[PDB]
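**Q** kindly return the folded structure for what I paste below:
(chains A, B, C, D, E, F, G, H, I, J and K, ligands or ions: 12)
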Amino acid sequence: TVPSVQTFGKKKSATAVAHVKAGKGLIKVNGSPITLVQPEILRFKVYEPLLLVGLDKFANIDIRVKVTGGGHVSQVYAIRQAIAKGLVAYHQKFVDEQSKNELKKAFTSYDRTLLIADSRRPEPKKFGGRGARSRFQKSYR
Amino acid sequence: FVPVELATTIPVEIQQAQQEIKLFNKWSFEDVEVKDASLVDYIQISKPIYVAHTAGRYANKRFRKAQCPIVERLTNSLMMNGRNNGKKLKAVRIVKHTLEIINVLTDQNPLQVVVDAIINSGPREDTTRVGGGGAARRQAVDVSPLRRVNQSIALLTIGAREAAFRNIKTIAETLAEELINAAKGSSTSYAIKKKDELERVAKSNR
Amino acid sequence: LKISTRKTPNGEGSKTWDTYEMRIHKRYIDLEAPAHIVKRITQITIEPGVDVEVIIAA
Amino acid sequence: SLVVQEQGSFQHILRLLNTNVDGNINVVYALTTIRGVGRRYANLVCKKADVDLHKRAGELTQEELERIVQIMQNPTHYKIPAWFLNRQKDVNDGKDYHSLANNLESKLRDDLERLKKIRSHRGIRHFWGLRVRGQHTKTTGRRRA
Amino acid sequence: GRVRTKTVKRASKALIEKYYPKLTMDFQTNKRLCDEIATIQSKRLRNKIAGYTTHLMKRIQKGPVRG
Amino acid sequence: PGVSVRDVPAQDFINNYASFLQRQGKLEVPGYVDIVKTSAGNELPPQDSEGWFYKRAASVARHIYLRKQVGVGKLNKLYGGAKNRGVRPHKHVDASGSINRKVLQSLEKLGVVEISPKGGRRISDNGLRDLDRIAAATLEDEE
Amino acid sequence: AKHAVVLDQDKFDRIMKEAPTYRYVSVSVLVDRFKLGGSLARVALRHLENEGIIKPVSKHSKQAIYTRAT
Amino acid sequence: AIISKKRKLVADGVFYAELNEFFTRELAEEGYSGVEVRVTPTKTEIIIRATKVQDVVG
Amino acid sequence: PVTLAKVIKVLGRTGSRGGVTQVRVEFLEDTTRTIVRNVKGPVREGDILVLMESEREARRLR
RNA sequence: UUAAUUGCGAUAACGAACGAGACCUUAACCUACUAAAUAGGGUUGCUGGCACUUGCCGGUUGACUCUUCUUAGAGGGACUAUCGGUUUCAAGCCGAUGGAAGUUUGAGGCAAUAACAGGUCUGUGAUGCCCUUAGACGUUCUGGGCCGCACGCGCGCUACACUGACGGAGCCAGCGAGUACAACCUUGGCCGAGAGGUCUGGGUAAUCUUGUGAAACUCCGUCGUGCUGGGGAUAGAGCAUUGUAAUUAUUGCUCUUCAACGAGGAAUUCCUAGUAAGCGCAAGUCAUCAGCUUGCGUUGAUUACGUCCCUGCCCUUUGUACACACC
RNA sequence: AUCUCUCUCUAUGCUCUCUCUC
Ligand SMILES: [Mg+2]
Ligand SMILES: [Mg+2]
Ligand SMILES: [Mg+2]
Ligand SMILES: [Mg+2]
Ligand SMILES: [Mg+2]
Ligand SMILES: [Mg+2]
Ligand SMILES: [Mg+2]
Ligand SMILES: [Mg+2]
Ligand SMILES: [Mg+2]
Ligand SMILES: [Mg+2]
Ligand SMILES: [Mg+2]
Ligand SMILES: [Mg+2]
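**A** Numbering: from 1, shown residues only, chains lettered A, B, ... in the order given. Ligands and ions are numbered 1, 2, ... in the order given. Next comes the structure:
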């Protein structure tokens, strides 16, 4: 069997997992194409890495992303991240270091996570307030 | 332009030179004309973001707020008042609609129009409650660029909000109209008027 | 195991909460092994605190 | 979807079941103006009649209106069971009724009178002018009469 | 905010005094040395100590230092 | 080269399926079509009189195709939403429990949805074929 | 709006002759320039879009973005 | 017990607490300090700490 | 009338409420002038600052 | 200087001790290690469907192989690192690079001395003392009552609509919690139009409920400036459910009833990033009931990065006819 | 020799008290 690389994508709590193989030109979210994802507006967010790198760099690829958690936007972001990460992983494994560098450069003209996983995770909701930082409502008299 | 052969179905537009030139969801992020001298890294432009929806850190440094795409900032500003806190997708959609409206009416690249509006609304001279004992004394203070830009954006959004409060006019159309008014032509938009009034007030005071 | 409790025993005072928690560790092992000797083995060595439970099935 | 422009055939503002029915409200929502008639049930009535809901208030021909009225006043015959109508089971006949326009209020009044006669708690409350259905008058109901 | 404790500083000083042979500029080697030589209960503290030792060394290789 | 259900857009597909169902004779409708609100967590019944239950059936079929072990309860949970309690904050209330069951029964009668000996309902081979056909039709409509 | 929810023949004619020259066509626009006010405006717009007359820009509902043929 | 592991553990803790309380109440002159509960599947062992051992014994 | 001057150095921050910056403005049209100006909001070095006011200047804000 | 009696340093003080910090707890990073039908893959069987020449999407406890995601355990990781300048060039700080991350990395949890005449004997078998002690203030049973209403405040919720509402149809979460010496969380299949019944099984736990298919959102509609399909209070009438017991609607569900309410005076609270707000959910209470709290998680802004003007606080000096200490 | 330069009303308040053993 042909070697294939596994990658993931994280945002908030949403977990994407991409599987990059050698093949014809697959790009799949769960069991569907990237031409769907969900919100129609945010279809470009998941499509963006492909646009950046060049669609020809996919003429020998197979991509499948299993996504669980988050909401919708977060999920999309995670998928995008996974795809970017998948590509970079593939380059690391099969292609060349200069190519990897180029890819990184292309990504880092934005750096919307892509190659680097996001920090910024939910802060615990404290007592004496409805929010994490938000205090209750001081009554006085 | 240059179809890439895949097993998965990809639209024609994507296949075309959108891979080659990375400008917006089918709009020109070029042109690049700021009417005032410099003003760059305060009004962002340059970086050709596809859709005005980026999750990043733009409060964690002093001026890093500038590196937000102007469209994105507009969307964020629109995202306001109870019924719409969060729901950035909606805001993005509205912005897209606004852009479309701009394209339809008086042609041009809408981004440039937006930029013009931002420039020509925002105030040079502003008022602060300095006090003089806490009383009604306000020295005329000139405004910093980034802050001014932000203020202009806010007032633009405010105008749209005002328009929409019980009306047939959907937010986006109204916003577009007011933006156009702000840019040049009539200057009968709310935001611009407000700004001018503020400027006048500043002038009559020191 | 979280037990959220107001620290105040009377209620008069500010709203102070304490979540008294007990983290409980499971950890299991699967043995594909013989009979009497295995049983003998899976009985000895006891540390204070930890509870060992051996089930059945042949 | 209708491409039909329509000439001078529809007459706005109609006098149906004594209470005035206003113009260009969407049939169901035109009928809602009448007391006893309410949204979902109006819609159901319309469906039973077999008139398309996506029409004007003045649009309705007389026959259709008549049919609707019949459906409203005599509900049981046109497949409308219990979880449906106003006075289910009822206290006076045993049969259930979908009371309308100037009937429901009368019924309510009658009920109140009966309560007063038989000095029940609810009745007493009504007589007073006080809140009945489990409310604390420490804050509730400071608008008065 | 990063102004460090007294104890950490004292430890660093002691290390400088007693182990100027050994310890250079390489933070990771220095860390290891600290772990070996000084008996500290926590990793963060050790790291801090190492950092301060490095700083002190840097100061030294620019002229004699007070204290 | 071909088509499957997952790779074709949601709403369009569903509407196509509904249309197909309408065209077809067999459906076994209840005696209470558009008399129920489809959810007890809903305020007003569906619009445009004819159909809608067809649409729901189609959606159910799609869901079944997607998963493996889906019962009535799960389907009910899937549908409905927030019930306007009015003055009180809206809790999530499931759909009308019997309607989904009826839909499933109808599907069974048609021969598209069967049962698995684990619990719940799964897709039949004929059903799968039908779904594929619908997908193909949708694709044709698109391009 | 003082009623004005009628697909009147004269009104239709007016719409036909006033939707050109103006670049932007919407329900809101129609309401503004005094013809139809509300729900039936949408219907009118839909039935103007069968073949030609006004070209679509919008791929989205609720808000309509339409430009007349040049 | 047959009850859930977590619940069982909680119960054991409670029992321990109870035991401690009892010892504090009863063994005043006996000079009580602390208790430990060791559980083997057949035998339950409690180790009591004290200063006047003879008294504790009887 | 329109004028604009680049900022170069900040002369601290003054105000009863605070926030309002005292800046040293240098004119890009003739660099011979470095004036003490009142600026409201976030401002660094090397920024083009439009001025509706031509000549009037104040230091402390009270 | 620093968030800091945090440092550096000047030094009738020197050496200290609390406190802070460190420390724990988690949240982030570990394609590193140990590992895994109670966590997911991978290939291939076994089949199902459409292309058919390989294929795509699945189902199935078939093997076998691992472990990136899910779990944990040992560990590692950042220490302000690297420069750039500024500062008696010491202490440090702001900017840039690299980094999962440079605000003490975010948030906690423990919190010193000294008190307050703060709070509670209505947590207790923690009690001093006074009282009542047999028609008892003990005790339990029956029934009310704390839920009464001309009013006045305090929390919170729902709204005042188009970014709406109302229909469809997309579809995605994390904390939990749940059976024995009782009557739990409840799936799946038939009843009913809802609620909720009902025979069955699974699950006294990563397995089953539950992927908690959660909302808000997303797309196609319908309605369209109207106290109007916005608002759902108040009223009727009826069907269930919990309970020995629902009237003073327990709650739930169906119905009809459609008021005040056009963004809110003077006032004032809360908040500087996964934060504010929107939106749910679970848990606590619980037989039944959440508008409540307590914890999660979706959606995710705007504007500061500062000053002491108001409100406090900290130390230093100063003046006090004040120590019940400016009340 | 380098300061620079800010600003006004605001009245009153009645409820104790405490040591040890060297
Ligand atoms: Mg340096
Ligand atoms: Mg801390
Ligand atoms: Mg007592
Ligand atoms: Mg007595
Ligand atoms: Mg009470
Ligand atoms: Mg409170
Ligand atoms: Mg409603
Ligand atoms: Mg609402
Ligand atoms: Mg989950
Ligand atoms: Mg109404
Ligand atoms: Mg109660
Ligand atoms: Mg005084």
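**Q** which SS class is residue F:59?
**A** helix (DSSP: H, G, I helix; E, B strand; the rest coil).
**Q** how much space between it and residue F:111?
**A** Distance, residue F:59 to residue F:111, using CB to CB, to the nearest Å: 18 Å. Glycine gets a C-beta too; all of them are placed from N, C-alpha and C.
**Q** show me which residues of chain F sit near chain A.
**A** F:4, F:6-7, F:9-10, F:66 (CB under 8 Å from any CB of the partner chain).
**Q** one more pass at 10 Å, please.
**A** F:1, F:4-10, F:66 (CB under 10 Å from any CB of the partner chain).
**Q** looking at residue F:59 and residue F:111, which is more packed in?
**A** Neighbour totals were compared for residue F:59 and residue F:111, and residue F:59 leads with 20 against 13 (other CB atoms under 10 Å in any protein chain shown).
**Q** if I pick that one, what's in contact with it?
**A** For residue F:59, the contacting residues are F:10-11, F:13-14, F:17-18, F:75, F:78-79, F:103, by CB atoms under 10 Å, 6 or more residues apart in numbering or on different chains.
**Q** would you turn the residues of chain F next to chain A into JSON lines with secondary structure?
**A** As requested, those are exported to JSON lines (three-state DSSP):
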{"residue": "F:1", "secondary structure": "coil"}
{"residue": "F:4", "secondary structure": "coil"}
{"residue": "F:5", "secondary structure": "coil"}
{"residue": "F:6", "secondary structure": "coil"}
{"residue": "F:7", "secondary structure": "coil"}
{"residue": "F:8", "secondary structure": "coil"}
{"residue": "F:9", "secondary structure": "coil"}
{"residue": "F:10", "secondary structure": "helix"}
{"residue": "F:66", "secondary structure": "helix"}
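**Q** now which of those residues would you call buried?
**A** By neighbour count, with 16 or more other CB atoms under 10 Å in any protein chain shown, the residues of chain F next to chain A hold F:5-8 as buried.
**Q** closest residue of chain I to chain G?
**A** residue I:2 (33.4 Å; CB to the nearest CB).
**Q** I'd guessed that residue sits against residue I:51; true?
**A** Yes: between residue I:2 and residue I:51 a contact is recorded at 8.5 Å, counting by CB atoms under 10 Å.
**Q** shared neighbours of those two, which are they?
**A** With CB under 10 Å, 6+ apart as the test, residue I:2 and residue I:51 both reach residue B:124.
**Q** among these two, which residue is more densely surrounded?
**A** residue I:51 (20 against 9).
**Q** what sits closest to that one if chain neighbours are left out?
**A** residue I:3 (4.7 Å; CB to CB, 6 or more residues apart in numbering or on different chains).
**Q** helix or strand for the residue of chain A found nearest chain G, which one?
**A** Using CB to the nearest CB, the closest approach of chain A to chain G is made by residue A:40 at 8.6 Å. Residue A:40 belongs to no helix or strand when assigned by DSSP states H and E.
**Q** what sits against it?
**A** B:89, B:93, F:9, G:59-60.
**Q** thinking again about what came up before, tell me who's in contact with the residue nearest to residue I:51.
**A** Applying CB under 10 Å, 6+ apart to residue I:3 gives the contacts B:124, I:27, I:29, I:49-55.
**Q** same deal with residue B:107?
**A** B:113, G:23.
**Q** what about it, which helix or strand?
**A** Counting by DSSP H and E, there is no helix or strand that carries residue B:107.
**Q** one step back: need the contact list for the residue of chain I closest to chain G.
**A** Residues near residue I:2 by CB under 10 Å, 6+ apart: B:36, B:124, I:50-52, I:54.
**Q** tell me the two of the residues you listed that are most distant?
**A** Pairwise distances across the contacts of residue I:2 peak at 17.4 Å for B:36 and I:54 (criterion: CB to CB).
**Q** disregarding flanking residues, what is the spatial nearest neighbour of the most centrally placed residue in chain C?
**A** Note on chain C: the residue nearest the mean C-alpha position is residue C:24, at 4.7 Å, using CA atoms, centre = their mean. Nearest-residue entry for residue C:24: residue H:6, 5.7 Å, with adjacent residues in sequence omitted and distances by CB to CB, 6+ apart.
**Q** and that neighbour, how close does it get to chain B?
**A** Plainly put, residue H:6 is 37 Å away from chain B if you go by CB to the nearest CB, to the nearest Å.
**Q** number of residues surrounding that residue?
**A** As a burial measure, residue H:6 scores 12 neighbours (other CB under 10 Å).
**Q** from the chain's centroid, how far away is the longest helix seen in chain E?
**A** The longest helix of chain E (DSSP state H) is helix E:43-60. Relative to its chain's centre, helix E:43-60 lies at 3 Å (CA atoms, centre = their mean, to the nearest Å).
**Q** before we move on, back to that, tell me which of residue B:36 and residue I:54 has more neighbours.
**A** residue B:36 (15 against 8).
**Q** so that one touches residue B:120, yeah?
**A** Yes: with contact defined as CB under 10 Å, residue B:36 reaches residue B:120; the gap is 9.4 Å.
**Q** which strand or helix spans residue G:30?
**A** Per DSSP H and E: residue G:30 is located in helix G:27-32.
**Q** for the closest residue to residue A:69 other than its chain neighbours, which residues are in contact?
**A** Leaving out its chain neighbours, the residue that sits closest to residue A:69 by CB to CB, 6+ apart is residue A:14, at 4.1 Å. Contact analysis of residue A:14 by CB under 10 Å, 6+ apart lists A:67-79, A:81.
**Q** can you put those in a markdown table and add distance to RNA strand K and secondary structure?
**A** Output for those, formatted as a markdown table (distance: CB to the nearest atom of the strand, whole Å; DSSP: H, G, I helix; E, B strand; the rest coil):
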| residue | distance to RNA strand K | secondary structure |
| --- | --- | --- |
| A:67 | 59 | strand |
| A:68 | 60 | strand |
| A:69 | 55 | coil |
| A:70 | 52 | coil |
| A:71 | 50 | coil |
| A:72 | 53 | coil |
| A:73 | 48 | helix |
| A:74 | 50 | helix |
| A:75 | 55 | helix |
| A:76 | 53 | helix |
| A:77 | 50 | helix |
| A:78 | 54 | helix |
| A:79 | 57 | helix |
| A:81 | 53 | helix |
